[PDB]
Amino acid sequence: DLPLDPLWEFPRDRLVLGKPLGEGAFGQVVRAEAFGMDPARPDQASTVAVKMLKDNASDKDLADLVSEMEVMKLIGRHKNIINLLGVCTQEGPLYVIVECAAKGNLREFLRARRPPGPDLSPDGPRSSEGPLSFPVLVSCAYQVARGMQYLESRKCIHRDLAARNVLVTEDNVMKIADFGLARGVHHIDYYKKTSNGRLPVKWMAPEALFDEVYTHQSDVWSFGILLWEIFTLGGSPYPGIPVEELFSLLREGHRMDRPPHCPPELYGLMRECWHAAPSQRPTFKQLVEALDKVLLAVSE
């Protein structure tokens, strides 16, 4: 069926499929054990994420997955993205094998690590000290920016950059996921709410939402939303605003308020990312540098 690319091809019998992790518009993701992903260590076990089609995919579903595979091949390797490890295309179902992030997505990461509430009785010397500190939050933002900077350099547009689409490793390294996806930009159900209550329309740049125009600067807009997510510790954007109201508010030029416990430096960058004119928004290179200054100034 598909042609053999020996550079990326990996023997499917060296995979042991484990627990299903979730799914997207096309295909599902399954945790798996891989043996000898590194050819120098043929019997070495590693944990990977395997992308595959659902139980009757159309050929469009297959074409979407193949298209994702080819994007993954060309983009290359970077510390702050989910990297391609190998593929299974011969004699069996199509597998796209990618890096597995131990701690799940950034949204759930932050929400599970919100500071202890006012109802918890003080127990020990760190009763007020939550898992999340400001410099770590800044580092999360900086890493995502560096990852997006890399993707931009490889002429890759994400088109749904959000905390949900950023994954966290065992060492709290941010890795941008699903950057090479066909996302059906000409038939988006703008009112669609996910099973976890997400309204993806709230991450779209105005030119993307209103004009169906995607550039790297539209990703920058989304990054601004992601910044807001980070410093609300996994909050949902435009709180209490349904999609219909979002439409009119965006047309009136409405912007989100400065969230609590968020320094002006970071709300400043959010607002810059939300400039009406895409050219007036910072580039990811500028975002990386701007965030780095803050990160260094607080990393004594």
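Don't overthink the numbering: it's just position in the shown sequence, from 1.
With 103-111 and 118-126 compared on mean CA B-factor from the PDB entry, the stretch scoring higher is 118-126. Averaged over CA atoms, B-factors in the entry run higher in 69-77 than in the other of 205-213 and 69-77. When the C-alpha B-factors of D219, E229, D178, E91 are read from the PDB record, the largest value belongs to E91.
Sort the modelled residues of the chain by CA B factor and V16 lands in the middle third. Sort the chain's modelled residues by C-alpha temperature factor and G184 lands in the highest third, per the entry. Remark: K192 belongs to the highest third of its chain, ranked by C-alpha B-factor as recorded. Split the chain's modelled residues into thirds by C-alpha temperature factor. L249 is in the middle one. The entry lists a Cα temperature factor for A276 that places it in the highest third of the chain's modelled residues.
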